[PDB]
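Colleague: One structure, pasted below without further comment.
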Amino acid sequence: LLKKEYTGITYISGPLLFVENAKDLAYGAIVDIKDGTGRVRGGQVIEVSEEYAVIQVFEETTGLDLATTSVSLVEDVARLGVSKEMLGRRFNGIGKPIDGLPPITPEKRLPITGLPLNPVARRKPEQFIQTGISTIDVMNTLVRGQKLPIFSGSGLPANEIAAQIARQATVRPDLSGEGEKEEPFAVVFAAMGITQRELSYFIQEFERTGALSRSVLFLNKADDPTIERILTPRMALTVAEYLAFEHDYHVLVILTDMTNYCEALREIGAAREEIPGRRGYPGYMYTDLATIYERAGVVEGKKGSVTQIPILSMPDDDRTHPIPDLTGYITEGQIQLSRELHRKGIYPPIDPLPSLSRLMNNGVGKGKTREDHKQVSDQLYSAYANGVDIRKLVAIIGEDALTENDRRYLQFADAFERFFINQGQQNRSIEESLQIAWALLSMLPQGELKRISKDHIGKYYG
Amino acid sequence: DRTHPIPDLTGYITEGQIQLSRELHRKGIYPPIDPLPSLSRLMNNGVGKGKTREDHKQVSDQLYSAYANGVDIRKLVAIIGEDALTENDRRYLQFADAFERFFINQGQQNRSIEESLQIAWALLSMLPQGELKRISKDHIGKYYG
Amino acid sequence: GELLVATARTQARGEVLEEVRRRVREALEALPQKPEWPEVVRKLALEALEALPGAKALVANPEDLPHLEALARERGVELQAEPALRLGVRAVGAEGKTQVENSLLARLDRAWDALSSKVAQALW
Amino acid sequence: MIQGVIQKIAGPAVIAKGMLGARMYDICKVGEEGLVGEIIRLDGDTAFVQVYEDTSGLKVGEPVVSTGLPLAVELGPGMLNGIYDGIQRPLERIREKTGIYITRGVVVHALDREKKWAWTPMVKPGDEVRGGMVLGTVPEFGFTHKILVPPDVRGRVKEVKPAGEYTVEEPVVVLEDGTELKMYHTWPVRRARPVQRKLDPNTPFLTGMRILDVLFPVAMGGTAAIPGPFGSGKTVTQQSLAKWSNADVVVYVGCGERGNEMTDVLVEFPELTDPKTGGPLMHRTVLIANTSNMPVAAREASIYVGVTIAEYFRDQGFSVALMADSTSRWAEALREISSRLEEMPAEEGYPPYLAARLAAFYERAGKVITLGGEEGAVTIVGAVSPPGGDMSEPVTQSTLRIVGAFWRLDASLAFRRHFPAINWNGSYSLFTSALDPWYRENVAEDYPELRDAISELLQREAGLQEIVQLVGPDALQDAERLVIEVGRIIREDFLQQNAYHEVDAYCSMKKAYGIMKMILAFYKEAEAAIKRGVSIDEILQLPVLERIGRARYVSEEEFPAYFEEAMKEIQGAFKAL
Amino acid sequence: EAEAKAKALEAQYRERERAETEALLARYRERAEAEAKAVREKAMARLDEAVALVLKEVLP
Ligand SMILES: Nc1ncnc2c1ncn2[C@@H]1O[C@H](COP(=O)(O)OP(=O)(O)O)[C@@H](O)[C@H]1O
């Protein structure tokens, strides 16, 4: 393969550089930038005319000039050389191995931007997963092949909940009839602007629990240049689509802190003066978050799956910033860690009223988890919601003026929050979580529980 | 509101603030400086021995403590009844009223520094000595007449 | 310990391929002593000026500035010598700013990926 | 060497033409005076030099001379006890030569080229040297200031000058190549000093307060932020961190801040004593001042010069504490260089790479093992002055994703004069887990249980404060009410640090633990004594309670004799009711 | 005495898991160097045809 080298770079500012008299670069191609002291940087063509070509630059732009810096074409579509002997490695945000080991010998060259999966050829995500977190396994059920992120605040423990899920998430065949045959999870752990203090947590967690032999890590630390975050989720999802849909794995993708990704493309989309949505983020960001999140799910006819837990760090911990707003319009569920429950020392500080999982109703119920599962979930939301809006009434009229079957609500609420939500690093199975939910519902009088059918309210109450 | 850009961007560059108050103005008190939101970020230098009289910093401290305590108790006496309050709280209410009628409301006259300090001690003699915590007892002996 | 075995396997495999590739660079840089190479350099110059229409000049090592000269008069192109360019010859396009390199070193380091898959498959 | 002339002069930015070939982020002398500016936005054959100094009087046609290097600091011996301005030139020598005003374009060396330093080598000819290996040492003040090979340089030692006393510019170690090594080397500020690997922090940074080392600690390689509105301190706490720490050196960088701060630090520091070595407390601090009226483009680079000098003392194996003051004024400088450059902003004028720059600033912290093999750490405390109080800024949130401990100063709690104004609802700290081996080793065994009890009393008292405001505070039952009174004793005794007192401005872990034990013994025996049934109206005027409320006022050396007597007086006090 | 017996069980118990640890890890280490030597046995056994393959396909 020959190598063309264009020169005549007109303009270099910020992320962007130009090259005029350059016509034979494809749109979306990769370039490598070769400065005067002999150092390759990466780049990607984002606009081509017959005159010029605009390149965005992955590494930092210091040290470039205009009488050197040749631009050489590579990979007219952006590819990743994917292999299966790839499940013990670390990588940085371009795919270059950063553990000292040799580069991998590519079985395939997949295109990094993916292709949209065919909505006939999907399969409805059926099979239950359990996480050992009772709020998740009961009220916001995760099923396999599902997008649901974790909305969290500034300084909540979200990395610990994601590592806890990936430590103990197993699929139960005792309740479904599949047969054991137990395949555990490959983990594709993508990370965008983690500092060191969270990276050391995840690496110590994985090397303890024995997961670095099944996980491929795509680390983009926060001192690496801030545009290769645009490649990193696509790297991780191309690897996940490979390992799931062509080798029958059951892949779990942890996409750390999408707020850093979304700021990484606000930066690029405001080097181009592209007209924004709200609070500066560009008009097309929904399509980018869509092209990341919707590369998940199961396939009809295959055994693979991709299950995504993205993480969000909601800026002023609200659901109205454009990043949680759009992220909940794409995916199917979210779980919101609440700041208020965290200050009570409660771990995992989920609160159920602003969290949900849309694929609960597929995978819970008789024959597949237990027949009373969905109604228990309904009644817990009803009772705890009534307890919270009677706390808002305690907040003016004082504790004394509450009657009865009101104080049992008010005691249901905090007994709930400190016996059901609060748990340490323990793994509670679904029988444990359901019998604790019946224990908590036993406090209410039997005639109050109006969303539970009478046979289930008979054979479990008390 | 202090969060307007001119109050806060002055408040970052300067060395304290002296804040006039709306509510003290409507009571005919003049100059209507209330002493609770105000402070000098300096004034540890410009007080004390030689530069002022000796007992200056402690008197200023004790006025701020006693007037803060009196204004808290006349916030609370608006809520609870005006008799359900113990013995020292009556002297704190009488101190806050005597303070803002005699110390602040000076009107027109050009008070010297010792006239201000002897009005300060004249208002502090409305309190028992065990209620005067910050002033070390030598100044209590010399002054407090 | 299974990680230890796996890392031993991957590093020994990688040292095998790097040994293969160093031998390949050795055979490439031992081509230009063996007289089949000026029969070769014209082919890559040929494909270079194929893909680069309007190619103003050719720049090469003076190993084959005396050689290609009569083999490029009919090319209508100017020839110059700027050595340190072994095993190939590159085509300066229209008034600078665009140039096409073809050379055995660059062909190796840009074909090495698909050749690594196929070579590892033929080797193991 | 690429030389051109000025084309346009738009405010504090100068657009020079004729400069084909000058690299980006170089440093180019603009003007006929020789001002210092910096290339961004190459375009055609044209630079975009932001000048650091003010720019009144430049005509068109004056030369612009590139130097072909990015912004480099000089690192070597002679920096401590030093006030440097933003571009690292010593202000005391500016006052020697210029006058008492900072004029435009004075050229002095950051390290004095005349000073005699004793050299004592540690290598032989033929010894290999690599990046970051120590060569010999220089005694500076109370330090074994050890010089070190620049982090790019490898090779073998050909010849070493023997032990004498020399100058900073003296070529002392010659390699086997023709590479000289003097006692200083220059480093580009926008690049990290490399490390071998980065340890995770397990060791507290004893800030010397009583709330910020007990309730919200911060480890040694840690990052912490102090956001606060005006008039809520935020500078008295930065100075109490400057004085009363356990850092070995302290790089106090003020960028865009009151000038009286810096002259307080220059006047009152050389008559203090660091409680680690003796000697003046000014002998360990390097302070980089860029006062608010000094030019606004240099307070971008002031932060980077500070973090590079702290990394150099990191690589010598110290525990450095960098304190950036008003990173929000740094972000304002990024705004004013961005809108000058005509960009499209996002979220209140700030350029959208704000979190990229601020994140790569805070990332340079941490506890590492240096390339010489000896370990060392640099902690970073950043002051944030958000505009209207209003912690929903871009600067506050962008730093809030990445800093590890967060200290919210409330200005409502500093308008009734409660100092330090650290709120304990809103402020958090994520290093509280990893320090518990250190606590259970070196302060107590039950110290985590003890400060957990104190934080639970504060949460109970603050959640009960609402009904305290709602209905009568005498109209609550008394065992409930005792939580209110012990909450009062906590927040007027344990969190009430004076910082102008001569012995309350530093409280070690033993004395913090002693005051905690007094308050919890009082609480436990008064709770049990009211379970017995006594008078809460009588429980308060005990004279042991003033003995508690002034237990923060006795010295660190006369404390345990005070402490054990007060503990016995607790039990002796609650017998007799 | 039940506590003392628990501590003695714990001490010999530590020794048990540590001996198992060291023997198994050094076992896996020497099997690792044997596997490395196995693929280096394969290495020069076929290397000339691979060099010939790439040295045909990289040449024009
Ligand atoms: N020089 C430039 N650098 C970066 N972005 C640009 C530049 N010029 C235009 N853009 C952005 O890209 C878009 C270009 O659209 P336009 O040029 O009209 O048609 P086309 O889609 O064919 O390029 C504009 O909306 C603008 O936001």
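Residue numbering restarts at 1 for every chain of the structure tokens, chains are lettered A, B, ... in their displayed order, and ligands are numbered from 1 as they appear.
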Counting only C-alpha atoms and all ligand atoms, which protein, DNA or RNA residues come within 7 Å of ligand 1, given as a VMD selection string?

Modeller: chain A and resid 47 54 271 to 275

Colleague: Write to file, as an mmCIF file, in the first residue's frame, the residues of the selection just made, with C-alpha atoms.

Modeller:
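As written to disk, out18.cif reads:
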```
data_model
loop_
_atom_site.group_PDB
_atom_site.id
_atom_site.type_symbol
_atom_site.label_atom_id
_atom_site.label_comp_id
_atom_site.auth_asym_id
_atom_site.auth_seq_id
_atom_site.Cartn_x
_atom_site.Cartn_y
_atom_site.Cartn_z
ATOM 1 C CA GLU A 47 -15.864 17.494 5.885
ATOM 2 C CA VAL A 54 -11.313 19.603 7.672
ATOM 3 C CA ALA A 271 -15.498 24.309 17.056
ATOM 4 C CA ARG A 272 -17.784 24.067 14.066
ATOM 5 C CA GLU A 273 -20.402 26.650 15.118
ATOM 6 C CA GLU A 274 -23.125 24.052 14.849
ATOM 7 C CA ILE A 275 -26.433 25.309 16.160
#
```

Colleague: How close does each residue of chain D get to chain B, giving the shortest atom pair and distance in Å to one decimal for every residue with an atom at most 8 Å away, counting only C-alpha atoms, sorted by chain and residue number, as a tab-separated table?

Modeller:
```
residue	atom	partner	partner_atom	distance
D:230	CA	B:12	CA	5.6
D:231	CA	B:16	CA	6.8
D:257	CA	B:13	CA	7.5
D:258	CA	B:13	CA	6.0
D:387	CA	B:8	CA	7.1
D:388	CA	B:3	CA	4.5
D:389	CA	B:3	CA	6.8
D:415	CA	B:37	CA	5.3
D:416	CA	B:36	CA	6.7
D:472	CA	B:80	CA	6.4
```

Colleague: Just the residues within 9 Å of residue C:77, please, counting only C-alpha atoms, with nothing from its chain fewer than 4 positions along; format it as a ChimeraX atom specification.

Modeller: /C:55-58,72-73

Colleague: Neighbouring residues of stretch 19-21 of chain C were defined as those with any atom within 7 Å, considering only C-alpha atoms; residues of the same chain fewer than 4 positions away were excluded. Please report them as a count of residues only.

Modeller: 4

Colleague: Which polymer residues have any atom within 12 Å of an atom of stretch 30-39 of chain E, counting only C-alpha atoms, with same-chain residues fewer than 2 positions away left out, as a PyMOL selection string?

Modeller: (chain C and resi 1-17+120+123-124) or (chain E and resi 23-28+41-46)

Colleague: Which residues of chain D are close to chain A, meaning at most 8 Å apart when you count only C-alpha atoms, and how do they look as a ChimeraX atom specification?

Modeller: /D:20-26,40-45,200,343-347,352-353,356,359-360,363,392,397,400-402,428,430

Colleague: Based on the backbone DSSP call, show me all residues of chain B assigned helix (DSSP H, G or I), as number ranges by chain.

Modeller: B: 5-13, 22-25, 56-76, 87-102, 113-124, 129-131, 137-142

Colleague: For residue C:113, please output as a PyMOL selection string all residues within 9 Å (counting only C-alpha atoms; exclusion window: fewer than 3 positions along the same chain).

Modeller: (chain A and resi 81+105-106) or (chain C and resi 109-110+116-118)

Colleague: Please run DSSP on the backbone and report, as a PyMOL selection string, all residues within stretch 38-103 of chain C that come out as strand (DSSP E).

Modeller: chain C and resi 57-60+78-81+88-92+98-103

Colleague: Output the selection as a compact mmCIF listing (two decimals), in the first residue's frame - N, CA, C and O atoms for each residue.

Modeller:
```
# COMPACT_ATOMS: atom_id res chain seq x y z
N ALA C 57 7.03 15.66 -10.40
CA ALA C 57 8.43 15.25 -10.30
C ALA C 57 8.54 13.89 -9.65
O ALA C 57 7.63 13.43 -8.97
N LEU C 58 9.69 13.24 -9.85
CA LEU C 58 10.04 12.05 -9.10
C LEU C 58 11.32 12.29 -8.32
O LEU C 58 12.27 12.88 -8.83
N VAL C 59 11.32 11.82 -7.07
CA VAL C 59 12.44 11.98 -6.16
C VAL C 59 12.81 10.61 -5.61
O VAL C 59 11.93 9.85 -5.18
N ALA C 60 14.11 10.28 -5.69
CA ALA C 60 14.60 8.95 -5.36
C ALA C 60 16.04 9.01 -4.85
O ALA C 60 16.69 10.05 -4.86
N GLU C 78 10.10 15.06 -14.41
CA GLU C 78 11.44 15.43 -14.00
C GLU C 78 11.94 14.43 -12.97
O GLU C 78 11.16 13.78 -12.29
N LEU C 79 13.26 14.29 -12.89
CA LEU C 79 13.87 13.39 -11.92
C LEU C 79 14.90 14.12 -11.09
O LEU C 79 15.68 14.93 -11.61
N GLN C 80 14.92 13.82 -9.80
CA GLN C 80 15.88 14.42 -8.89
C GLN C 80 16.30 13.38 -7.86
O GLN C 80 15.68 12.33 -7.70
N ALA C 81 17.37 13.71 -7.14
CA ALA C 81 17.97 12.82 -6.16
C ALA C 81 17.94 13.48 -4.80
O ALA C 81 18.51 14.56 -4.62
N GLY C 88 12.56 2.38 -2.98
CA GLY C 88 11.36 2.96 -3.55
C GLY C 88 11.66 4.32 -4.15
O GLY C 88 12.82 4.73 -4.25
N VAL C 89 10.59 5.00 -4.54
CA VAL C 89 10.69 6.30 -5.22
C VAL C 89 9.33 6.97 -5.12
O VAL C 89 8.29 6.31 -5.24
N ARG C 90 9.32 8.28 -4.85
CA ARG C 90 8.06 8.93 -4.59
C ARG C 90 7.81 10.11 -5.53
O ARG C 90 8.75 10.73 -6.04
N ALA C 91 6.53 10.41 -5.72
CA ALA C 91 6.03 11.24 -6.81
C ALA C 91 5.47 12.53 -6.26
O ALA C 91 4.41 12.53 -5.62
N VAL C 92 6.17 13.64 -6.50
CA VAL C 92 5.69 14.94 -6.06
C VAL C 92 4.63 15.39 -7.04
O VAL C 92 4.90 15.54 -8.24
N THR C 98 1.05 17.84 -2.21
CA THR C 98 0.45 16.54 -2.43
C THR C 98 1.57 15.69 -2.93
O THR C 98 2.22 16.07 -3.90
N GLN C 99 1.83 14.58 -2.30
CA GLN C 99 2.88 13.73 -2.80
C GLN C 99 2.53 12.32 -2.47
O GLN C 99 1.77 12.06 -1.54
N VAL C 100 3.02 11.40 -3.27
CA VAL C 100 2.66 10.01 -3.13
C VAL C 100 3.93 9.25 -2.87
O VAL C 100 4.84 9.28 -3.70
N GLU C 101 4.00 8.56 -1.76
CA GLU C 101 5.14 7.72 -1.49
C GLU C 101 4.81 6.29 -1.83
O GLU C 101 3.77 5.77 -1.41
N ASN C 102 5.69 5.65 -2.59
CA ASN C 102 5.68 4.21 -2.72
C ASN C 102 7.11 3.73 -2.52
O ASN C 102 8.05 4.28 -3.11
N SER C 103 7.27 2.72 -1.66
CA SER C 103 8.54 2.26 -1.13
C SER C 103 8.28 0.99 -0.35
O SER C 103 7.21 0.84 0.24
```

Colleague: Near residue A:412, counting only C-alpha atoms, which residues have an atom at most 9 Å away, once you skip same-chain residues fewer than 4 positions from it, shown as number ranges by chain?

Modeller: A: 383-384, 387, 407-408, 416-417, 440-441, 443-444

Colleague: State, in Å with one decimal place, the distance from atom CA of residue D:66 to atom CA of residue D:107.

Modeller: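 According to the coordinates, atom CA of residue D:66 and atom CA of residue D:107 are separated by 16.2 Å.
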
Colleague: For chain A, which residues have at least one atom within 10 Å of chain C, if we go by only C-alpha atoms? Write them as JSON, numbers by chain, please.

Modeller: {"A": [1, 2, 3, 4, 5, 6, 7, 8, 9, 19, 20, 21, 22, 70, 71, 72, 74, 81, 83, 85, 88, 89, 100, 101, 102, 103, 104, 105, 106, 107, 108, 109, 212, 213]}

Colleague: Between atom CA of residue A:292 and atom CA of residue A:261, what is the distance in Å, rounded to a tenth?

Modeller: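 Atom CA of residue A:292 sits 10.9 Å away from atom CA of residue A:261.
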
Colleague: Using only C-alpha atoms, tabulate the residues of chain E lying at most 10 Å from any atom of chain A, each with its closest atom pair and that distance in Å to one decimal, by chain and increasing residue number, as a Markdown table.

Modeller:
```
| residue | atom | partner | partner_atom | distance |
| --- | --- | --- | --- | --- |
| E:58 | CA | A:1 | CA | 8.1 |
| E:59 | CA | A:1 | CA | 9.9 |
| E:60 | CA | A:1 | CA | 9.6 |
```

Colleague: Restricting it to N, CA and C atoms, dump the selection as a short mmCIF file (atom, residue, chain, number, x, y, z; two decimals), in the first residue's frame.

Modeller:
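result-v5.cif, written as the output of this step:
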```cif
data_model
loop_
_atom_site.label_atom_id
_atom_site.label_comp_id
_atom_site.auth_asym_id
_atom_site.auth_seq_id
_atom_site.Cartn_x
_atom_site.Cartn_y
_atom_site.Cartn_z
N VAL E 58 4.05 -8.28 -0.38
CA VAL E 58 4.37 -6.87 -0.21
C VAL E 58 5.05 -6.30 -1.45
N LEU E 59 5.71 -7.14 -2.25
CA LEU E 59 6.41 -6.74 -3.46
C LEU E 59 5.41 -6.53 -4.59
N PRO E 60 5.62 -5.53 -5.46
CA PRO E 60 4.71 -5.27 -6.57
C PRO E 60 4.76 -6.35 -7.64
#
```

Colleague: Taking into account only C-alpha atoms, which residue in the set E:2, E:21, E:56, E:50 is nearest to chain C?

Modeller: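 Of E:2, E:21, E:56, E:50, the one nearest chain C, counting only C-alpha atoms, is E:50.
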